[PDB]
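Contents: one structure, followed by commentary.
None of the figures in this text is laboratory data; all of them are computed from the coordinates on show. Note: ideal-geometry Cβ built from the backbone for every residue, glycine included; neighbour counts use all protein chains shown.
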Amino acid sequence: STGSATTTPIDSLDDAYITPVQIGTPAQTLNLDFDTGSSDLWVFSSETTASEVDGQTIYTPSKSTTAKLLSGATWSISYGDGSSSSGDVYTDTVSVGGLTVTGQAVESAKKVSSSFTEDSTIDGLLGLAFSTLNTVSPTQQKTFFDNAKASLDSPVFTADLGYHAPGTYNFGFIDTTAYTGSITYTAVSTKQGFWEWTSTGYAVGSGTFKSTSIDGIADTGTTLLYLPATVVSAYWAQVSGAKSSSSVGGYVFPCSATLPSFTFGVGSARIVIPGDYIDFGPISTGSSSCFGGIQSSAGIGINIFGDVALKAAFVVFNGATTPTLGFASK
């Protein structure tokens, strides 16, 4: 089997991407944030504290003839940005882009943190990291991809995120028309439960490529590119007037600037992030200070190849017995 679904930016900055997901019978379609940095499929629901729901579409398990309470199971998750959610668990039929999994754990939120409530466009998350990170207790549950894998034509999914435009998540096949050149594959460590890999270096604009190993994770659920402070300083040094602002929370730059590109290495291959992808707009409405899309990972404890990096590539998440990642230009 295969599936293919369009993923759409939630706003004009590509802060996140939402993909429609069919849950239950009859289908209830919710728009979920596909997150290769986590492993829970959780949704706003009829059980979510009413004051914490503000415009999201909810899953109502009592209206699904295939929903079953997973007795005794609870979940609770905290994300790298400080947000969190928790609740109980149902199993139900879940379909993405025509690919159906029966008996998928659907984690129904009883509580969500304020950042989720305040984002009316995201109805929940669909985790695509390794199932070892799933938070359901006392019986850990499998991700949608883990459940689908054996049925897929090939045990892979691909992320093709758009810049200021929709893109595609495919399951079970590699669309050879969706990228240019060849896909370069690189080794993955699953020891932390992430799609963790090692970039071979970077360049700023038209500058020389610096060969250096940068361990990090491919994370579709993180907006920005978080790299070591040395790398980030080298980038922003090429933007007149850019500086790190402790009060804003990262590097800012004059909105009048033209940003240089940023290149990262995948083996001997190179992925070029155009400068425009690194502009996250005014820090507050009407400001002439703009927020940068490349930020330091110091204090996060891991480097993160988030959407800024991934949307410059066609990315293969190869879930074979020994997983690997592939990157192609597009």
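In table form, for the structure just shown:
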{"quantity": "Breaking point among (1) farther than 12 Å from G292 by Cβ; (2) surrounded by fewer than 20 Cβ atoms within 10 Å (Cβ to Cβ), for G265", "calculated": "(2)"}
{"quantity": "Residues of region 108-130 satisfying the condition of being surrounded by 19 or more Cβ atoms within 10 Å (Cβ to Cβ) and either within 18 Å of the chain's Cα centre (by Cα) or within 30 Å of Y179 (Cα to Cα) (or both)", "calculated": "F116, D119, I122, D123, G124, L125, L126, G127, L128, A129, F130"}
{"quantity": "Selection count, region 47-84, where residues are farther than 28 Å from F305 by Cα, polar (S, T, N, Q) and either exposed (fewer than 14 other Cβ atoms within 10 Å of the Cβ) or without any contact (Cβ under 8 Å) to a residue 60 or more places away in the chain (or both)", "calculated": "8"}
{"quantity": "Of residues in region 284-296 being surrounded by fewer than 19 Cβ atoms within 10 Å (Cβ to Cβ) and in contact (Cβ under 8 Å) with a residue 12 or more places away in the chain, the one nearest to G216 (Cα to Cα)", "calculated": "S289"}
{"quantity": "Qualifying residue in region 241-256 (condition: among the β-branched types (V, I, T), in contact (Cβ under 8 Å) with a residue 12 or more places away in the chain and within 30 Å of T184 (Cβ to Cβ))", "calculated": "no"}
{"quantity": "Unique residue being aliphatic (A, V, I, L, M) and either farther than 16 Å from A298 by Cβ or over 26 Å from the mean Cα position of the chain (by Cα) (or both) when the list is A234, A242", "calculated": "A242"}
